[PDB]
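What follows are structure tokens for two forms of the same protein chain, given separately as structure 1 and structure 2.
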Structure 1
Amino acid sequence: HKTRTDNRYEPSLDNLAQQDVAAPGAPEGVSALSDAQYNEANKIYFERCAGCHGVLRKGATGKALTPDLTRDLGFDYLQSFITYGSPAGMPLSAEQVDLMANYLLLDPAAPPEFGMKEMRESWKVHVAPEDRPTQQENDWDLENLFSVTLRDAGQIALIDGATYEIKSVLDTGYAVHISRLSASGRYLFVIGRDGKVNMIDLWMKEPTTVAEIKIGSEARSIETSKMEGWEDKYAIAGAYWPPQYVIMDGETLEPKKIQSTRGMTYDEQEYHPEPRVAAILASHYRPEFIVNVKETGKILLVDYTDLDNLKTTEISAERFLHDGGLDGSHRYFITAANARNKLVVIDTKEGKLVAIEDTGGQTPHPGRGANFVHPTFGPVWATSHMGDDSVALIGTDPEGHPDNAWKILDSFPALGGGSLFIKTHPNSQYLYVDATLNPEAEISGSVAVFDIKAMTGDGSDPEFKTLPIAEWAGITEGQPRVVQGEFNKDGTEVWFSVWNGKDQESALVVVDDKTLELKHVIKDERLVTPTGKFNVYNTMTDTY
């Protein structure tokens, strides 16, 4: 129940917590909470507790807290245990503590479902396909555009990769989690934490939302079809609540196929009523989407060639699947079962699990990870960790380097714990590692940079250069967190977000990759809480 460096990246169900619920009746031995009391506790539960314990209280990273279990424990125990407080989220009073203890002793209702009728009611096509351009009608350099989340403003900025000019600021769902691009690079898809999806046509003279839809109450992932021949055919979104994924028309967003992720855990084979959808990727080898289902530890390969006779492969992997990426060849999916410190590898060509390996670190959090050619080991993919300062390398070349394939080849320290994103590009000799969640302001405001060319894999700890990103941005207020490297199309410049509060000063910092010197500082009154940044070309092509 204490804040760690790796227990802050747990779901916060703040959109779902805005829904009012009814107070249940209380069985003998338990006291009922009033309407107000129950809702107040429920809002606290959904915001701060459901991430680890579940909205249904069947347990996730934290153990189940169902009524039968909590009534055996008793109020006093619950009261005392909750008095300490709970692990903080991303950067309780006496009355609240009692509310939570009492709430846990009552029978929870399941939040509303969100099916086809609800999706179709939210589904709006602003510009039908026939009314859209048939060629690019603006003079922008679309492939070198960066789509940047302006988190708390419920907007995104589209920024020129070469001139750093903000080309447009568009209204979207609240706190967009990620931007994804169609395979052709024409269509930009964004998903808000509230399950709102916007689809934007980059060919319009003034790009804007051409279609929108809501796919759930809580959602974090979206992806587009990337198999050759299937460009622009489909998009897919994944939700935390309800536990489901939805395949939508790539041109209109019409919801075509909704699949529940409720099911059995892979290992103990017990029913789990809240298996959240985490990362979603798209295969380059088959016409399939790659869907991580967290609590059950299943990776789904979903064939989108026929949605009525639906072929899937449900791969037993490891529990607590979160994020991941494809290797350099784009054949193998490498993903973190973070709470179990493991990297699961799937062969997307053959449709099967190939390996599961412990990184030796605490809570691997790769993002999409970093693929590079290690001077001694050959092709490798890398991840950093939230729980410690380590960077781990896994071999990704079964054909050319069989002895190194799917083995952890090295592990070495970077700036500190609380890292979220590691980054490189084929044209760069550098490996960048952030330390976003580190409690030390100077560490959280800097990035470690390793010289891949100097790496020998002799067992020593490779040295790194420390780039003072937040210092370069010149922000005197607060303790801004630096997060997520993203390259430009040419792989010559790498951008970082200098993420401060909504009413505080933020920036983007552009680093010249060849020299590791400051290239440019992006500041604008409209640049509020900049977080994720996605270069059109690097996102459409999965170049990382």
Structure 2
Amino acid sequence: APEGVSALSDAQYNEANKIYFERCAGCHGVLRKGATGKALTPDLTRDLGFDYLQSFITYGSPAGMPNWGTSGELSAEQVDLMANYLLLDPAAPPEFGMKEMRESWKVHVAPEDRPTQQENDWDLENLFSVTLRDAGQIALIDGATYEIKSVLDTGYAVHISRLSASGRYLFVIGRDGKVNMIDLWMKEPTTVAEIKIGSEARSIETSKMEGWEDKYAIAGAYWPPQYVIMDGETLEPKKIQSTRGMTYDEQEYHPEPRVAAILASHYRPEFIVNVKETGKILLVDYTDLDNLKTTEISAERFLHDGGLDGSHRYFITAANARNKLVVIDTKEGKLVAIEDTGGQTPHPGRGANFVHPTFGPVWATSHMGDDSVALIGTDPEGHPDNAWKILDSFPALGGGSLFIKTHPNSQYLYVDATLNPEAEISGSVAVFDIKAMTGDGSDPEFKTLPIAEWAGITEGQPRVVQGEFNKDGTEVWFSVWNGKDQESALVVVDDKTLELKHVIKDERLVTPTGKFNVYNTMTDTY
């Protein structure tokens, strides 16, 4: 006979529910279907049983699950409480409005007490903010000496970093919707303000319109379906907007439209918000939050990531499940084009802008579903015929590619293959010579850099991901992502010679993933 499931009081259940949505939904999903963490639905957990759940919640796992009990985060009583809770049927996901954001809102160092000028000796603009995935931290690394300047605690499930337009404030967001604001002008940079904006979230961005530097920060959630405009200096929540609405094509109500990538316009004081399931791109004017102006652009469903073109005027984004690239003119506030990449599941990140030797200015993207790289024309004035059309498509290492990268001061286009099944490929990066490109139809050739081999890592499954350049565009970093219990590293490549420049290693460099150079991020250089 199956084990008996404890009957919990209302109080116990409220408590367990509060903990779940606040501390577990970020990795296990709001309906317990899973995310980075396994599914915790009762059809699976009841088979595992109480003892097993209790053990895992207590000691955690080297693969990404925090040691709630052994870390003191949850008492022994709360651990059992949660183990029983997981045996019951999933609760209904709660809302998260102004009252809840404000309860989680904390300002550690009021603006009136922060420095008035840089007070440390660091070379701020050349710093690299690196995500340490299973450690809940970011590592600020010097771009020239390769020295770890500091390791900051943000929270479990740290995702990515973004910088305010001035380069002074560093914003980090976690999968649980936790937002950390770091003042890089302190002698010892730390979190000066924090807030939580939902149960599940992925993106954050800063105001990048001239005259609005450091004014606002915006965060988008997966749940509840909403985005929040926060004060650029204290994180005070100023305006919450629901993203629930009608799909663009079928015009049917959708109760869970997730916010994906968020960017900032350089032509108007607006935020550029992607709404995934409804295929809507919103241009949100932050000049007046009470009499709120927005442009709701009908595009294509499954919007995810994207970037601005070289002139910073057009937004190019992937509607990944439909292999489409959507283009928006941020000056006029209108959709301009929608084209198929010819590839499977385009995933550009912010993409790569460059001038092709014959086609003119173009933007590129690699794919998750295949080894192809596609180029789209981005200059309607100088190259009208090539504007917003796929001009070329050629192969790289293989499928499972996540990030393509380049820099104005470089003639090379780098492409990773992070998710490919062959370890020889997922440990390497493909490199193309822009200058050698001809647009005559022949697939350009690439050089293979054995980044993992250069790091001296073979044990475990080392996956290389995301190139990121230093301020001067001379060196490009790559993450050699390994398990928390394995050895990881950052590999620095010399752009001029395509030769190993430096290998970063430290007992603290745990599961390093996304890396963001202050200057390149604050100015949208890519």
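In this text, the rigid core denotes the largest set of C-alpha atoms whose superposition between the two forms falls within 1.5 Å. Numbers given to residues start at 1 and step along the sequence of structure 1.
Q: Core aligned, which of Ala507, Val483, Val511, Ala50 has the Cα that shifts 2 angstroms or more between the two structures?
A: After core superposition, the single residue displaced by 2 Å or more is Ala50.
Q: How far, in degrees, does the smaller rigid part turn against the larger one between the two structures?
A: Domain rotation angle comes out at 71 degrees.
Q: What is the magnitude, in angstrom, of the C-alpha shift at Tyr174 between the two structures when the rigid core serves as the superposition reference?
A: Spelling it out: core superposed, C-alpha of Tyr174 shifted, distance 1.8 Å.
Q: Superpose the two forms on the rigid core, then give the C-alpha shift of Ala109 between the two structures in Å.
A: The shift comes out to 5.8 Å.
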